[PDB]
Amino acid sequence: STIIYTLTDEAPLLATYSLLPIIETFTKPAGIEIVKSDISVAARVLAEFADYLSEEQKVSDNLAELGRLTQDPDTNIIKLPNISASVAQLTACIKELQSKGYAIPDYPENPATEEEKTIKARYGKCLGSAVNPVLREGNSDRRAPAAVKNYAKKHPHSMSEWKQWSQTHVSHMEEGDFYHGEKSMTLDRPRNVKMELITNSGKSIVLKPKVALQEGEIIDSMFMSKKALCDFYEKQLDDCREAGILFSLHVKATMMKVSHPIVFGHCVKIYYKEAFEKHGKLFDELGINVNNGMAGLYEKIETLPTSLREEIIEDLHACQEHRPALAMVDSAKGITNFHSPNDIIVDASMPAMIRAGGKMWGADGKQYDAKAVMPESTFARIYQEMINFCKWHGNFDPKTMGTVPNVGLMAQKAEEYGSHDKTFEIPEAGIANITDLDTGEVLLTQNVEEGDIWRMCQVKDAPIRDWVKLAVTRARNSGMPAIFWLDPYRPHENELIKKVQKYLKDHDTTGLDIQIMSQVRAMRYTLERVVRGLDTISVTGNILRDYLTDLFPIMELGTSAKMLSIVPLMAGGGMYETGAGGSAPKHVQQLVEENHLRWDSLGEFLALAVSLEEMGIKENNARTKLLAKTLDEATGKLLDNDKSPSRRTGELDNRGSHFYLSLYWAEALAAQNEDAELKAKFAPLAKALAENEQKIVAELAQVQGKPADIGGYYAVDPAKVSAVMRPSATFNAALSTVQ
């Protein structure tokens, strides 16, 4: 029975030339095979371009095979960070690969004809986040493990002071946003619909030609009213200045690539209304779309005569005199919260600011209270209920606060995160219809005006169905209550409540404590419990999941990055993501130049454990469970004993951290008394590692402070790399025992 282990890019790739031998040896006695699977940029490129490759140059398309493998129930994947390649990276990977003699073609950035057309679209399949969509087949089980929860408590991170009299607060819309206008239904039949506006005059513009819907599919029709948004802005701006407080705007433009830059840019255009009105005639001429941050406005006015440009810059600053003070991204370099919408990212900025005791940065480099403006009311009210709790009760106590794991609905681009291609800036006032394009039947009608933001969402029944099963599962396996966060007064969430109530009957929920309440009622029910050191599972839709697996982690642990990221696959298999972060190119630099790798592998240590525990459950395997239970104990110890890598050079790096993990794990499997036959195999290793502990760490330290040739970058050399990453002679020897 197999664990598939991804050989990704850059830093965590290097880590695993070290760690995987350790993994292979600990897992053998449980009858666990460990298969490599290469899905690097490099690998994925050579797959797409087999037509250009020699015969034994060719490579198997692993991502594809992984994809198929999603359907097999036995499947068990440990997925590490990997590159979601930018153009620059790919052109580089391309150019490195060519040098190694793979005659793939260049990257025609601007095609000139024939194949350049089709190639740039065939390199396209490689650009961006190619991998996550293929692998993430079935909802989020996400939580902090005991190992980390408990270390957190003994070793609490910093939590700034919440003054009982703080003036920080969330500000959202009360009417005219998506929420308050929202309309939704669950389909009772399959349908083919179009998103069609009927011009107030009668002209019929189609905005989205065909969208296929299945029975049971929940759909929502939702729009942001430009007029309401702008009144709310103007009113809240004035409000903020009258309060003598930082004005801030928290948005997720990196996901909602269509929806949110619009909402963002209207804040800018309004704040500086006085200057835009006088200069809109030039900005439009200059192709200035402030939707993508004020940054661009400045870059383009640079070509202006120093006289004209000096006028605009004066005219802008002039708005500050009647406008409120702005939250900064870089106080010192004058970067405001309007510089790019991709700077202040809502689900990370809000907990960051609440950690900091409800504070944000002013242009004088010092903290003040802030109005956190989140126009769309739906998902903002959550954060305000917390804020109210924290004035009252002070900031959270990580020594004693509970845990809030999140079972999140997200399968098949569920809900808000599927509607990127179904969102439109309205052309003219009219009627916005979702219409059955076969029967002509109109399903949902909206009252819209010019420049409104209209979007259609959907979530399918099988995802919803699985999500209810996973909620009940986690409730059972953990003892925690599970709370469904769903507003009855929100059409969509009513539509979910209809499903949730019905599918709960399809499962054995007798022992358990499972409830459905309001978002804000659930948020407080959870809070009242956390603070008493109790635990509660959040069961939430797709966006709340992205929000709460940043928010509650930050409070409990100080990061959002030492978490179990599990995707229990639809077919009954599992995937274990070791981390949300990048593959960290910077660490790779330190390895090449001065043989030190500061990459932390704590995420892998943790993925491996559940991976084993869960394979331990399905396949009914005692061995495995012990490997989990013990790898549990060891990782705590690795944390207690400060043995995670240092960011220095000379000191312990990624390899030494593997060693100590190998040590405390072997030791645990030696001292354990559940499987005598395991002890026998592991006790000699435990002694070899204990005994030569320092001889080994020395052997490891010995190599640092000089370069390290790894035979490539996007295309590393497996011999060279295995040398560099497994350089201790004594340590390699210790593994070759175990009998």
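Just count from 1 along the sequence shown to find any residue number.
Taking only CA atoms, the mean B-factor in the PDB entry is higher for 609-617 than for the other of 609-617 and 164-172.
If you average the C-alpha B-factors over 642-650 and over 186-194, the higher value belongs to 642-650. As recorded in the PDB entry, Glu96 shows the highest C-alpha B-factor of the residues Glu96, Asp369, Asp466, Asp600.
Which of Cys457, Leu286, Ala475, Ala348 has the largest Cα B-factor in the deposited entry comes down to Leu286.
Compared with the other modelled residues of the chain, the Cα B-factor recorded for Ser201 ranks in the highest third.
When the modelled residues of the chain are ordered by their C-alpha B factor, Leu304 lands in the highest third.
Remark: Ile39 belongs to the lowest third of its chain, ranked by C-alpha B-factor as recorded. Sorting the modelled residues of the chain by their CA temperature factor places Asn342 in the highest third.
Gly296: CA B factor lies in the highest third for its chain, per the PDB record.
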